[PDB]
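Residue numbers (the deposited numbering): 52 to 136, 149 to 682. The structure appears right after this line, and notes come after that.
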Amino acid sequence: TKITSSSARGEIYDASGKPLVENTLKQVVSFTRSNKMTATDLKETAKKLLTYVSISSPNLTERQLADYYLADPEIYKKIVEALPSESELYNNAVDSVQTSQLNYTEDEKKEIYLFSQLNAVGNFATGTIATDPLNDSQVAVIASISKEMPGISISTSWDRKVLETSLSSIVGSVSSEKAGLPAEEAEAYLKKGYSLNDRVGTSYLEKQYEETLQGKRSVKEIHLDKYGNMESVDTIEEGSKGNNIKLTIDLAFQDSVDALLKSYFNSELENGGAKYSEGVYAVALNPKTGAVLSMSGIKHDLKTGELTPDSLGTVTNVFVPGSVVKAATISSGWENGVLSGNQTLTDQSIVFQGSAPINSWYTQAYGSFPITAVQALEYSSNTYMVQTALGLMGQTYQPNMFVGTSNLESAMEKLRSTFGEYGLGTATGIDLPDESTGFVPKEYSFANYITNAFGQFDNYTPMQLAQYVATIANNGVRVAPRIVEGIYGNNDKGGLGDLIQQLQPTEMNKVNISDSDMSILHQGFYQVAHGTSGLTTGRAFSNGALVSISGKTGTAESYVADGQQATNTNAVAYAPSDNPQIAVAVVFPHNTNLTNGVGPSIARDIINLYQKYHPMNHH
Ligand SMILES: [Cl-]
Ligand SMILES: [Cl-]
């Protein structure tokens with residue numbers, strides 16, 4: 052019969068090898084029990100044990116001492132013998160019966176302590192021992208003569224803490240050792256084979272890579288007679304440490320992305336754009352490899368005005384995305400064959416039976432006129448995006464048309480299905496216990512369909528967004544975003560050793576459209592930044608850029624507390640346009656300023672930050 056004990060937990064390192072968490076080892080004495088060993092039996096061990104170990108402060112309470120004087124049964128007998136007019152109840156009386164003001168040798172007072180500690184253990188439990196820190200002889204003497212203090216043994220326990228660093232948030236947490244195994248999912252684990260008292264990640268990374276992090280568990284079994292009385296504890300095998308884990312993210316860069324966010328947010332908080340803003344989020348990738356460069360964010364409490372840092376924000380919160388999604392939609396055009404190559408449509412106000420016109424930002428000043436898909440992205444035409452929704456539904460626009468909704472349920476799914484190919488509304492496959500997968504309602508109206516066609520309906524996570532543009536920058540091959548780069552062993556000191564196995568990127572699916580369609584998409588994103596039209600939306604991308612950037616900017620509007628029309632200024636982009644090495648999305652919700660969206664501008668400076676970090680040009 053053997054007892055298990057979690058082993059040194061593995062550690063976590065940023066891209067650079069800077070460490071993120073703390074193991075603090077400390078060898079100590081565990082004491083088992085036994086419905087058998089007994090007051091007397093425990094005293095015997097107490098003294099034997101004090102021959103080894105150090106203890107100055109014995110701030111014993113009286114209630115304790117009482118219990119120790121009563122330890123001799125005779126004693127207890129004789130004590131009760133004296134009380135006048149239920150076991151523990153009558154213990155309760157007898158306990159308080161003896162006036163306790165009575166002497167004990169000062170070294171006395173010390174194994175009375177232990178005894179308290181020893182007694183404190185539940186039957187069959189294995190407890191520890193409020194002691195006085197231990198050297199190496201003191202310790203390894205015990206290593207040898209447990210079997211001479213039937214029960215006792217010394218264990219290596221550990222504290223695990225998280226360092227203050229931008230990534231702290233992501234790391235997650237592990238169960239304390241006083242905690243054990245959190246019932247909730249608790250059972251599922253015993254089935255996977257864990258000792259009950261183990262310590263496991265409760266969330267995020269600590270949980271995600273549990274397999275590999277968990278250090279092989281330490282071991283001891285116990286012997287005893289046909290009568291159950293303890294005979295001695297024993298070590299079959301002491302535990303080792305875990306494997307380690309190196310991240311795709313480099314601190315300094317994540318760090319500097321973050322002030323960039325602060326800088327920009329303060330700007331908007333200053334000039335008042337941000338009064339109603341919940342915050343701002345930004346995520347960066349390698350589009351080809353799916354590695355994460357940084358996930359940054361800033362929560363802003365509207366009540367106290369205070370600003371709190373938030374990185375999980377990327378994977379946990381959802382926003383209406385706005386114009387940043389039109390590609391998805393055009394791409395549903397092509398798959399379902401409503402658009403042919405670079406399709407020409409006519410930009411005109413969209414009006415349905417007895418209801419508000421539906422328009423693009425330019426639409427009413429420019430009257431109606433024709434326009435290519437490439438152009439449609441350039442000027443961010445909703446009409447085109449809505450004429451295309453219509454297409455899927457199988458109808459073609461006439462002014463004032465009644466719409467038969469028979470093809471609706473079918474239509475919304477077709478579109479939605481494409482969005483999901485890009486990562487929008489579908490799981491990313493990120494390496495974490497739980498990404499929220501958007502706000503895609505199944506109960507939806509017709510208005511809902513058409514507004515979904517320009518990203519004013521379904522709600523998306525910032526992490527989803529990055530993936531969607533990353534996919535475009537990859538040529539329609541969606542790669543699962545991962546935060547871990549490689550698993551690494553240990554070195555002689557116990558720090559970052561070296562390569563166990565490098566994690567390779569995993570392809571989620573290819574977006575089925577032609578290359579020539581994909582290139583037609585690429586051209587648009589290119590002209591959203593470099594275009595020379597009075598209508599071009601994102602020349603902001605190109606202002607002061609260190610490399611050629613292609614992106615797509617976004618606004619969606621609305622409601623905003625006791626308000627007030629206001630909008631989101633998200634923006635997705637990648638680069639270099641020629642040979643895309645970084646993909647980014649920035650979401651900046653309920654913005655007040657509505658005039659010049661700082662979403663693109665932010666993403667530019669992110670990219671700029673990165674290339675100033677890791678030059679990407681260099682044919
Ligand atoms: Cl304004
Ligand atoms: Cl600017």
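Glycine included, C-beta positions come from ideal geometry on N, C-alpha and C.
Asked, Found
"State yes or no: is the C-beta of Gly342 within less than 7 Å of the C-beta of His363?", "yes"
"Ends of the alpha helix (DSSP H) at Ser231?", "231–234"
"Determine the closest residue to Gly353 out of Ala533, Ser577, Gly594, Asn511, with distance taken between C-alpha atoms.", "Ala533"
"In angstroms, rounded to a whole number, what distance separates the CA positions of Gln450 and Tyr460?", "7 Å"
"Could you tell me which residues DSSP puts in a beta bridge with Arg541?", "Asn572"
"Within this structure, are the beta carbons of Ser231 and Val225 separated by less than 7 Å?", "yes"
"Less than 8 Å between the CB atoms is what I'm expecting for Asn306 and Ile546, so what's the real figure, rounded?", "Their Cβ separation, rounded to whole angstroms, is 16 Å, which puts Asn306 and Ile546 out of contact at 8 Å."
"Under 8 Å, with one C-beta from each stretch per pair, do the segment 572–582 and the segment 394–405 reach the 3-pair mark?", "yes"
"What is the C-beta distance between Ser220 and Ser295, in whole angstroms, given that I count them as a contact (C-beta under 8 Å)?", "Incorrect: roughly 21 Å between the Cβ atoms, too far for contact."
"Enumerate in chain order the residues of its own chain whose CB-to-CB distance from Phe328 is below 6 Å, with the five nearest sequence positions on each side excluded.", "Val343, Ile361"
"Looking at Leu478 and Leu455, is the spacing between their C-beta atoms short of 7 Å?", "yes"
"Return the chain-ordered ranges of every beta strand (DSSP E) run that is complete within the segment 403–428 and spans a minimum of 3 residues.", "407–410"
"Hey, would you say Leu348 sits closer than 7 Å to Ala66, going by beta carbons?", "no"
"State the Cα-Cα distance for the pair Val542 and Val346, rounded to the nearest angstrom.", "15 Å"
"If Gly552 and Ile535 are in contact, beta carbons under 8 Å, what's the gap, nearest whole angstrom?", "The pair is not a contact, with the Cβ atoms about 38 Å apart (cut-off 8 Å)."
"Just the residues with CB closer than 5 Å to a heavy atom of ligand 1, in chain order, which are they?", "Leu657, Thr658"
"In this structure, does DSSP put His681 in helix, strand or coil?", "coil"
"Would you identify the three-state DSSP class for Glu247, choosing helix, strand or coil?", "helix"
"Alpha carbon to alpha carbon, how far is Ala629 from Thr55?", "59 Å"
"In whole angstroms, give me the CA-to-CA distance for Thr409 and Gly457.", "18 Å"
"Enumerated in chain order, which unbroken segments of the alpha helix (DSSP H) with a length of 4 residues or greater are wholly contained in the segment 491–525?", "509–515"
"For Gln115, collect the residues of the same chain with a Cβ closer than 6 Å to its Cβ; drop the 5 residues on either side in sequence, then sort them by chain order.", "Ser179"
"What's the C-alpha gap between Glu113 and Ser163?", "7 Å"
"Could you tell me if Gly235 is buried or exposed, where buried requires 16 or more neighbouring beta carbons within 10 angstroms of its beta carbon?", "buried"
"Among the residues of its own chain, which have a CB less than 7 Å from the CB of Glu273, if the five just before and after it don't count?", "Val263, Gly264"
"Rounded to the nearest angstrom, how far is the Cβ of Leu356 from that of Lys69, given a contact under 8 Å?", "Not really, about 16 Å apart at Cβ, beyond 8 Å."
"Return helix, strand or coil for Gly185, following the three-state DSSP convention.", "coil"
"Could you check what DSSP says for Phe588 in three-state terms: helix, strand or coil?", "helix"
"Tell me the rounded alpha-carbon separation between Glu548 and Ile308.", "8 Å"
"Could you check whether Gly614 and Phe604 sit closer than 7 Å to each other, using their CB atoms as the reference points?", "yes"
"Taking only the alpha-carbon atoms, compute the straight-line gap between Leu657 and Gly601 and give it to the nearest angstrom.", "15 Å"
"Which of the three DSSP states, helix, strand or coil, is assigned to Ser207?", "coil"
"Considering only residues of the same chain and omitting the five flanking positions on each side of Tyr676, which have a CB-CB separation below 6 Å?", "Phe316"
"In angstroms with no decimal places, state the Cα-to-Cα distance between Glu227 and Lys173.", "40 Å"
"Spatial neighbours of residue 144 within its chain, please: C-beta separation below 6 Å, excluding the five flanking residues on both sides.", "Since the chain is numbered 136 and then 149, with no step between, residue 144 has no place in the structure shown."
"For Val160, which residues of its own chain have a beta-carbon under 6 Å away from its beta-carbon, when the five flanking residues on both sides are left out?", "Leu134"
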